[PDB]
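Asker: Pasting a structure below so you can have a look.
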Amino acid sequence: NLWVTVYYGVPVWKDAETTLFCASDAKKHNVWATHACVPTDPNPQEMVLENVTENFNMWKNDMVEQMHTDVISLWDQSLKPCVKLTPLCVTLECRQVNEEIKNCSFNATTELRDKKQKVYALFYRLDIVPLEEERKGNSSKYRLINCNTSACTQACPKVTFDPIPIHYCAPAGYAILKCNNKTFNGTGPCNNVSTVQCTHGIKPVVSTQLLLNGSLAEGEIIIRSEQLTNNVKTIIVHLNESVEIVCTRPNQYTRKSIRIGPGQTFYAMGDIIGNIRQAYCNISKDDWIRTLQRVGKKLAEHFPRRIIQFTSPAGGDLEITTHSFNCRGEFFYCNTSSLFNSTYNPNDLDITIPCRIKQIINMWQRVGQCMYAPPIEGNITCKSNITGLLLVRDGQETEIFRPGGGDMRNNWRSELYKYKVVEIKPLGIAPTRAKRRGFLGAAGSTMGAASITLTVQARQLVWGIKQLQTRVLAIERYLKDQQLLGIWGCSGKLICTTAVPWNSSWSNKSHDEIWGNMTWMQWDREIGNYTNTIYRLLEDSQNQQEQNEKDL
Amino acid sequence: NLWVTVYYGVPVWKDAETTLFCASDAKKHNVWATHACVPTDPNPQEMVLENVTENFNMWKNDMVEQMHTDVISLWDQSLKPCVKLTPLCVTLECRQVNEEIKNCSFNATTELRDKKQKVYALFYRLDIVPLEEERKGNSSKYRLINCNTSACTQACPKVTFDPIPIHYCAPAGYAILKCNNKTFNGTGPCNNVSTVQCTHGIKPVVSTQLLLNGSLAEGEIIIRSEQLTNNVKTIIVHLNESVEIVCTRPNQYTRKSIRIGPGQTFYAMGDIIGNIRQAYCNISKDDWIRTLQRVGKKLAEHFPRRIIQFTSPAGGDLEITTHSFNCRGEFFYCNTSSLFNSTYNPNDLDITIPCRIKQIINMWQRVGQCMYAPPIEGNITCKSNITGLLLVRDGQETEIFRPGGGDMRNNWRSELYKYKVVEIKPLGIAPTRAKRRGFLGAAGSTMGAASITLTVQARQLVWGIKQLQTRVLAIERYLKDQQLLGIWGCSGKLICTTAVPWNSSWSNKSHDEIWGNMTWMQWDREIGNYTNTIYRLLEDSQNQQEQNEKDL
Amino acid sequence: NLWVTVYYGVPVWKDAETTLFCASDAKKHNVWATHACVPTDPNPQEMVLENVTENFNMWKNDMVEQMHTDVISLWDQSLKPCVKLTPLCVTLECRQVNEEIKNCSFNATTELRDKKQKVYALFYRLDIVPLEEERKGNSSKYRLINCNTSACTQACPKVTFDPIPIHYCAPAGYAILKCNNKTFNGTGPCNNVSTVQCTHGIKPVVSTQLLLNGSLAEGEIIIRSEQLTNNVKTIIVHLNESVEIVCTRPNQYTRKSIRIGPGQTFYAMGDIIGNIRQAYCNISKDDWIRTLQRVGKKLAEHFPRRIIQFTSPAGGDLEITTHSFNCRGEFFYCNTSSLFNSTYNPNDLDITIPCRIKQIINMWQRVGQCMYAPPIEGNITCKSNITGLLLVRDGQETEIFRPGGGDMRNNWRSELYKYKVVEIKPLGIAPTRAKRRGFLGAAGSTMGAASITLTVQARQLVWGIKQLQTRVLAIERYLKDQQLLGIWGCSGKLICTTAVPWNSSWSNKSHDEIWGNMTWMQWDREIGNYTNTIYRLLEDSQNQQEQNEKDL
Ligand SMILES: *[C@@H]1O[C@H](CO)[C@@H](O[C@@H]2O[C@H](CO)[C@@H](O[C@@H]3O[C@H](CO[C@H]4O[C@H](CO)[C@@H](O)[C@H](O)[C@@H]4O)[C@@H](O)[C@H](O[C@H]4O[C@H](CO)[C@@H](O)[C@H](O)[C@@H]4O[C@H]4O[C@H](CO)[C@@H](O)[C@H](O)[C@@H]4O)[C@@H]3O)[C@H](O)[C@H]2NC(C)=O)[C@H](O)[C@H]1NC(C)=O
Ligand SMILES: *[C@@H]1O[C@H](CO)[C@@H](O[C@@H]2O[C@H](CO)[C@@H](O[C@@H]3O[C@H](CO[C@H]4O[C@H](CO)[C@@H](O)[C@H](O)[C@@H]4O)[C@@H](O)[C@H](O[C@H]4O[C@H](CO)[C@@H](O)[C@H](O)[C@@H]4O[C@H]4O[C@H](CO)[C@@H](O)[C@H](O)[C@@H]4O)[C@@H]3O)[C@H](O)[C@H]2NC(C)=O)[C@H](O)[C@H]1NC(C)=O
Ligand SMILES: *[C@@H]1O[C@H](CO)[C@@H](O[C@@H]2O[C@H](CO)[C@@H](O[C@@H]3O[C@H](CO[C@H]4O[C@H](CO)[C@@H](O)[C@H](O)[C@@H]4O)[C@@H](O)[C@H](O[C@H]4O[C@H](CO)[C@@H](O)[C@H](O)[C@@H]4O[C@H]4O[C@H](CO)[C@@H](O)[C@H](O)[C@@H]4O)[C@@H]3O)[C@H](O)[C@H]2NC(C)=O)[C@H](O)[C@H]1NC(C)=O
Ligand SMILES: *[C@@H]1O[C@H](CO)[C@@H](O[C@@H]2O[C@H](CO)[C@@H](O)[C@H](O)[C@H]2NC(C)=O)[C@H](O)[C@H]1NC(C)=O
Ligand SMILES: *[C@@H]1O[C@H](CO)[C@@H](O)[C@H](O)[C@H]1NC(C)=O
Ligand SMILES: *[C@@H]1O[C@H](CO)[C@@H](O)[C@H](O)[C@H]1NC(C)=O
Ligand SMILES: *[C@@H]1O[C@H](CO)[C@@H](O)[C@H](O)[C@H]1NC(C)=O
Ligand SMILES: *[C@@H]1O[C@H](CO)[C@@H](O)[C@H](O)[C@H]1NC(C)=O
Ligand SMILES: *[C@@H]1O[C@H](CO)[C@@H](O)[C@H](O)[C@H]1NC(C)=O
Ligand SMILES: *[C@@H]1O[C@H](CO)[C@@H](O)[C@H](O)[C@H]1NC(C)=O
Ligand SMILES: *[C@@H]1O[C@H](CO)[C@@H](O)[C@H](O)[C@H]1NC(C)=O
Ligand SMILES: *[C@@H]1O[C@H](CO)[C@@H](O)[C@H](O)[C@H]1NC(C)=O
Ligand SMILES: *[C@@H]1O[C@H](CO)[C@@H](O)[C@H](O)[C@H]1NC(C)=O
Ligand SMILES: *[C@@H]1O[C@H](CO)[C@@H](O)[C@H](O)[C@H]1NC(C)=O
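Chains as they are written, first to last, in the deposited numbering: chain C, 33 to 59, 65 to 135, 152 to 185, 185A to 185D, 186 to 309, 312 to 323, 323A, 324 to 359, 361 to 399, 412 to 458, 463 to 503, 520 to 544, 570 to 660; chain B, 33 to 59, 65 to 135, 152 to 185, 185A to 185D, 186 to 309, 312 to 323, 323A, 324 to 359, 361 to 399, 412 to 458, 463 to 503, 520 to 544, 570 to 660; chain A, 33 to 59, 65 to 135, 152 to 185, 185A to 185D, 186 to 309, 312 to 323, 323A, 324 to 359, 361 to 399, 412 to 458, 463 to 503, 520 to 544, 570 to 660.
Put into structure tokens, the structure is as follows:
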């Protein structure tokens, strides 16, 4: 006969949603800097879990929603304490500059409440909305964009925009499983799964249509989607080599300080030096053409018996139709229709992209939270690596794939595709003959083999309160496990054997085959439908009986 | 001889004040919605405690203060993020409408800071305060009420006013005792006491004088007060049957949108269609008369040899003198003097109540936190159940009972009268012969009988931080108990016997009569004056002696 | 042979930084009142640690930074909810009063947005900044100070300024060591060290140059600095007797209420009664002279072969050059150059100090957080005890010591100099023969003697969240210790002996000399370089071996 033995520290887990504690490398004050969390562990302590085939589904990860919330929080914290520009949203009299930039004189307010001052600032034509009628050769009345929705907050000049890497290290009681399988798409079993303390750093790079400064495949071009048949889903295309992109603003501007109230200062653009050249961005022609030909071929493999054509964005307003790019705080909206202009036939010198620049943006597709970026003095040149594309298939011989974007969460999927967060369930039950490494690096081994890591495992056991909630819940779960072990007469031990027999039914396997060829994951899956009745049978009856008999 | 035995999980408790974790049924965004707390348990798991006579005192409950704070918090969270109406509080030129409503033209501000716009809105005469002199036949200057105190926040049109039930489920380590005794007044022993996880849902209905949509007695009319002799206390009268009340605003208004600044929009009343009819509310005459005759009789039983007369409110301003009623966000102030117009003689067709409506209110009797309710388009008809009355006895043959109100906490007492919050003290001490169900559903049983639930009991062991404080304190108390048991050499067990003898004095009862006829509540009360000396005698000396002797 | 024995509750500690839980005596609403923390323990339970020589360094204490943060938090909480005075910062037309006070007429705003009102208020010449050109005999234009930086918040009239004592009681798991050695400077070993639950009360008195209402030495004058050679450090001079200082404002003013917006009211000074007398403060001449002669002598002992001369502040603006003094909310800036006017020769009737008063201050040397103090009606007389001085030595026969100040943290050092915060490390390891009071009041005793307090010790195991972080971390550390003891097979006990031998190397001392002449502090210091290898040898191997052998 066999009796029930309770094992604490079993390398078994279940899928779970939980808040993660971010981390960054040591050393700041810039936008997206992580002053809200701990320094990183210089050695992630990655360990491979052998004979483990975890089913990953990147489209359902809670890490993407967590990252979105954390990025929004950091963004708002960065803008919150500075100038709200409520003295603006006044009538402007805009004249041609000596059609993208207008002179736009206005009065606003002065530092004293009793006076006004006639001032001027240059604005882009995309920020000013006409009033009355626009006279090509004369001054016309304008208002700033979003003055009918919300006054914009001025970016605070003391900080800059820099996508510092953010490391989400699993919180205690949870572990992050990293998929290291190559040519792995967004959904399906991963045959090379490791457990890490922390993820690789994720850069919160903001862009549309093209994925910049991300990770690249070591294999081939990877097409990721929830389903390719369903035309409403976004397709993330990962390249195995990057394409260099260099974006410039080939002009010079002078920053002017207009005092609009006590303390608060408005930073205006003016005194243009030289001619006004159009902003532009260069992508090498040969690399782009080879990249799109290979993407076409891979999609053709995914879409057989079809011609694949890249045309243009479907249409809409500027923020969706164009390629949003952040160059040192200067927000570019590039016209990419000249890049996605090709057809892939299954049977068979740089490109200059014209760009427009806006000072007033509505980031994250929110309404009423607009921000005004001050002009940045300097060369304003940014070089980045194009590592992937966002394509949307239109809803017949030829399939149409258009540039997409507008929902920033998909860009973070391009980096979080290899991670899953799981909850450790260290308490397991198994029959034994008697009657009475690190992290998860034992999973996949036999039940008998996983006898040493039982003690090593479980040694782990706005933003401020979420961090406390995570720590307090980890404490509460640990204490619940210790209380349950105490109730069973097992506290103080990691392995305890009790008096309840194992009379088959729960599992029809013998002692030797269970400890021999079964893993703890398989065992828990088989016993998952019995666990609560087993616990209830072990609970109270045996410990009350033993304590009462010992007392009397 | 007998020796001291320590029992953990004893069904004993003491009165305590603590923060509760609210709950609501699944599914919103409206005012008083509970987005701040957990879904409810579909089965409260009510269990009756036999042979338990808990002394209830509803007037000292901390649940009333907790509810008041939670309601204020939800109210402020609902109004906080929308329009502050600071462009108002301007001079208005008010003319007769083509005397309760005036045309009141004003300029306010426009969405651009440099312009003003002549606009008009209809206001009730109760909201506008005259300036200069009021000319019956001409335009006169007015200001809006509270412009000398605080600008009012506009109710945000995205939410409505709906008294969703709120379930306060006792937090871990505490339990709620529900009194199920009929014809039970606010203070005194309850002979049918049950323990619940959660209370019945409490609706945060706002009203004065009359208690609407509340609970009703299953017995007779119940008169509740701290003392009837003391004339400063409010008397809550509970009926055993409800009276239907139907309140209407028999007019139609058009909502106008006046843009006063970026984003923020003021919602004005205007374009009255048809004639202006006075708002009114109907109460059936026969039910009201029978209700007051029976209330009179019951008070006469409480006030013998007296004639009981219902006259009018004593006097004061509108907010206290009238009956405040919230109909889909439209705030009614009904004149109830025609209802409380009767005399009860110990020896022996609907009523129409005229009502006035205000848009600007000072809810909860606060100063500087006024709110402006926008006009609501529609039929505006509300039917409710009158379940109780608030009466105040005046300070001689005839006693005068006047309608009262003005302190919202008393309305919540009308629902919380049956609940008490107690703290569980699971650690108990009792002598034994040796030398070395659920919740609280064992209380009242003998000490020997309550030997099984020792293991079942203790398995339980702005708004965000209060919730963390409650959870952390529950954890800290649990750990203090476990540390104390460890110090005594008892951890890992629920029942432990130690070497300290019981040499009478602490209790003069024998082993058999203690385990036979005594309950744990009685035992703890008898030992309450000794517990700390007993603990000190058990603590340290015996465990240090045993560990030192075992070591050497 | 000897084997490793684990002792929990060892009176050993390490230096640590941690948040403290403040406390105050029972009973308010005033500025610096502590509504944010617990009532004090009426008996601090001070216990002297014999044969303990703790090395104190007041200049590196984290309690000073903690106090600074707590004082700033209380200050901001006190000013935050009242009037922001944004209607001010208007042009003023200032005429001579019928040169320190000017009539300064201005319009500001009225309670209604559509009207302005011509009003006047008297202001000090130090608060108004001239515009255009100042005409001695005519009205000139002025603006209020800080209107180019930030509008000032009006002190809320409902609260006053009172330096209530604040008791920082060590949080659980930490203890405060108080140095009771007399003639003890800021840095060095203290030979009379006691452990307390709480510190003496610290009064947050705000002043510069002179330390008021502080503690005084019971020995001699004490000179405290990080280094006297380095001329950039501040020198805190503690006297063994106080000097009485009486400061007055010998005038009368009428408070005027100017309504500037809804609710918010500006409190103006006006209607001066009688002549305008200069504010002044008296220090007795004989006590001051004796005090400075003795300070000179003590510094001469510290600076031998030098003449010590007290001259004047080096120079700078008013806020640094003068002596800042807070008299019932009226902020005085006294000219102390007449006091520090003497030379100490190593070989051998009250003083009236003229003072100026400001209404607008920039407290704590912050920029953009100015506060406007309303005039206070009354006698305005304050008497205080001068207990110490802040001197700065200039960078040659004669040394120059000038009054200093400007960094409030140094004043709190004058009170916190005797306290150090340490973390308790209750888990210790020692060899034994076998193979298998209160607070810290055992430190300094032998290892064998400290066998009783092992159980007594460890019984301890914006502002809201910091308090939760402290409590949660204390819980987490306790649980980590209990988990580690459980892993070793020791939980439930305070002293446990395991099977790992002690084969010298770790310590070359015998059992008897270790338990005989060694203390736990010395033992831990000697074993500090081995502790982690010892724990790893005890951990897992022995408990896994025992559980596996017992199971099979
Ligand atoms: C994909 O990844 C690339 C590579 O990181 C990224 O391009 C890089 O962007 C960063 C900014 O995010 C650029 O950093 C700036 O570089 C210029 C030029 O540096 C020259 O000199 C240094 C000297 O060491 C050389 O090493 C370098 O190679 C160049 O020769 C600097 O002048 C910039 O300084 C500003 O930022 C500093 C950050 O602390 C400040 O300390 C400094 O004072 C400057 O601040 C000024 O501007 C702020 C606004 O930005 C303002 O707030 C301040 O008040 C002040 O006025 C900065 O170091 C980096 O050079 C880029 N590299 C390349 C190769 O392009 C892409 O942008 C990224 N893709 C996307 C989409 O983000
Ligand atoms: C004591 O208890 C009674 C009973 O609950 C209570 O009266 C009830 O009050 C609620 C509101 O609190 C009333 O609910 C409204 O009912 C009308 C009419 O509904 C008709 O059609 C439905 C169709 O299913 C029928 O079932 C029903 O019987 C009627 O024939 C609705 O039109 C109202 O809709 C508004 O609220 C919805 C809530 O989500 C919105 O989704 C909807 O869009 C409407 O919102 C509009 O108004 C909002 C302001 O309120 C505004 O913010 C929105 O933007 C939008 O403009 C609503 O469902 C219910 O009918 C009442 N029942 C009776 C019998 O009177 C008493 O008030 C209560 N006593 C006290 C003192 O509170
Ligand atoms: C070093 O330490 C000394 C000693 O503590 C300190 O001087 C003292 O300062 C306090 C204020 O911080 C002074 O307290 C005020 O005293 C006056 C006069 O009191 C007379 O009458 C009482 C009657 O019991 C006698 O005991 C006393 O001896 C005097 O004869 C009071 O009138 C003051 O009352 C105000 O504050 C009260 C506090 O609650 C209020 O309740 C009261 O209504 C008054 O408030 C008014 O002023 C407020 C602004 O301050 C305003 O907000 C209110 O609305 C209202 O208008 C108060 O009790 C104490 O007398 C001083 N003692 C001496 C000997 O000088 C030094 O200041 C300190 N050094 C430093 C640098 O701080
Ligand atoms: C050491 O510190 C203590 C605590 O401040 C000093 O206070 C008391 O001194 C008397 C002297 O007769 C002792 O009897 C008391 O026991 C001391 N208090 C306590 C709590 O122990 C003590 O004087 C200091 N001793 C020295 C030498 O500085
Ligand atoms: C990666 O996943 C794919 C999915 O089909 C699988 O074919 C491939 O063998 C996996 N890689 C490894 C190394 O097992
Ligand atoms: C994984 O499976 C292989 C199969 O041969 C086995 O040799 C190896 O020991 C297993 N290891 C673990 C950790 O499961
Ligand atoms: C024994 O087998 C029966 C068959 O259904 C099952 O219900 C019961 O739980 C089993 N008991 C144990 C201890 O395995
Ligand atoms: C309810 O309380 C009253 C108080 O006097 C008591 O008389 C009555 O018997 C109680 N009800 C029951 C069922 O015991
Ligand atoms: C109610 O109406 C009656 C009618 O005469 C009037 O006397 C009484 O003052 C009114 N009360 C209120 C509060 O309007
Ligand atoms: C309650 O008292 C009655 C008295 O007859 C007894 O029979 C019953 O068992 C008791 N039950 C409890 C739970 O105290
Ligand atoms: C024994 O009786 C004495 C009498 O007062 C009492 O003080 C003492 O605490 C008792 N001891 C025990 C162990 O009950
Ligand atoms: C206080 O510290 C000084 C430092 O030199 C020392 O000389 C003195 O003896 C100490 N006091 C006592 C009582 O030991
Ligand atoms: C302190 O040292 C003295 C030295 O004679 C000794 O007598 C005393 O017992 C010691 N006490 C403690 C608590 O260390
Ligand atoms: C025994 O001595 C060796 C000598 O270095 C040391 O490394 C080892 O840790 C010691 N072991 C124990 C148990 O003290």
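Each residue gets a CB set at the ideal place from its N, CA and C atoms; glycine is no exception.
Can you list, in chain order, the residues of its chain with a C-beta nearer than 6 Å to that of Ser158(B)? Leave out the 5 residues immediately preceding and following it.
Answerer: For this step, residue 158(B) is matched to residue 105 along the second sequence. Cβ within range, chain order: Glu130 and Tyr173.
Asker: Using a Cβ-Cβ cutoff of less than 8 Å, which residues in the same chain neighbour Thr529(C) once the five nearest sequence positions on both sides are dropped?
Answerer: Stepping through the first sequence from its first residue, residue 529(C) is reached at position 446. So the qualifying residues of the chain are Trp623, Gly624, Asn625, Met626 and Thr627.
Asker: Rank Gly495(C), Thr303(C), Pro493(C) and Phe383(C) by C-alpha distance to the C-alpha of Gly441(C) and give the top, closest one.
Answerer: As a working mapping, residue 441(C) is identified with position 378 in the first sequence. Closest option to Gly441(C), Cα to Cα, is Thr303(C).
Asker: Quick one: which chain C residues come within Cβ less than 8 Å of residue 462(B)?
Answerer: A break in chain B separates 458 from 463, and the residue in question, residue 462(B), sits inside that break with no coordinates.
Asker: Using only the alpha-carbon positions, how far apart do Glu164(A) and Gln301(A) sit?
Answerer: As a first step, residue 164(A) must be located in the third sequence, where it is residue number 111. As a first step, residue 301(A) must be located in the third sequence, where it is residue number 252. One C-alpha to the other measures close to 29 Å.
Asker: Which of the residues in the region 99 to 129 of chain A, read from start to end, lie with their CB under 9 Å from any CB of chain C?
Answerer: So the list reads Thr123, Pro124, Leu125, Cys126, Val127 and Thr128, given in the order they occur along the chain.
Asker: Which residues bound the beta strand (DSSP E) around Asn92(A)?
Answerer: For the purposes of this step, residue 92(A) is taken as the residue at position 55 of the third sequence. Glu91 to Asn94 is the span of the beta strand (DSSP E), which, as asked, contains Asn92(A).
Asker: Can you give me, in chain order, the residues of the region 602 to 619 of chain A that have a beta carbon less than 7 Å from any beta carbon in chain C?
Answerer: Within the region 602 to 619 of chain A, no residue qualifies.
Asker: In chain C, what lies closer than 8 Å to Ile573(A) by C-beta?
Answerer: Numbered from its first residue, the third sequence carries residue 573(A) at position 465. Per Cβ cutoff of 8 Å: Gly572, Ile573 and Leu576.
Asker: Can you tell me where the beta strand (DSSP E) with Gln170(C) in it begins and where it stops?
Answerer: Within the first sequence, residue 170(C) is the residue found at index 117, counting from 1. No beta strand (DSSP E) contains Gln170(C), which DSSP labels as neither H nor E.
Asker: Give the secondary structure of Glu185A(A) by DSSP, where H, G and I count as helix, E and B as strand, and everything else as coil.
Answerer: In the third sequence, the residue the question calls residue 185A(A) occupies position 133. If DSSP states are grouped into helix, strand and coil, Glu185A(A) belongs with coil.
Asker: For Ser618(C), count neighbouring Cβ atoms within 10 angstroms of its own Cβ and tell me buried if that reaches 16, exposed if not.
Answerer: One-based indexing of the first sequence puts residue 618(C) at position 510. Burial call: exposed.
Asker: Near ligand 7, which residues have their beta-carbon less than 7 Å from any of its heavy atoms, given in chain order?
Answerer: For ligand 7, the selected residues are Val608(C), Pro609(C), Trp610(C), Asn611(C), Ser612(C), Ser613(C), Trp614(C), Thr641(C) and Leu645(C).
Asker: Between the C-alpha atoms of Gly367(A) and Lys65(C), what's the straight-line distance to the nearest angstrom?
Answerer: Looking up residue 367(A) in the third sequence gives position 316. Looking up residue 65(C) in the first sequence gives position 28. Taking the straight line from one Cα to the other gives about 33 Å.
Asker: Looking at ligand 3, does it come within less than 7 Å of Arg379(A), judged from the CB to the closest heavy atom?
Answerer: Translated into the one-based positions of the third sequence, residue 379(A) becomes position 328. For ligand 3, at least one heavy atom lies less than 7 Å from the Cβ of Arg379(A).
Asker: Consider the Cβ of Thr387(A): report whether some Cβ of chain B lies at a distance smaller than 8 Å.
Answerer: The count along the third sequence starts at 1 and reaches residue 387(A) at position 336. Taking Cβ atoms only, chain B never reaches closer than 8 Å to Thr387(A), which makes this a no.
Asker: Cα separation between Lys168(A) and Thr162(A)?
Answerer: Within the third sequence, the letter at position 115 stands for residue 168(A). Within the third sequence, the letter at position 109 stands for residue 162(A). About 7 Å.
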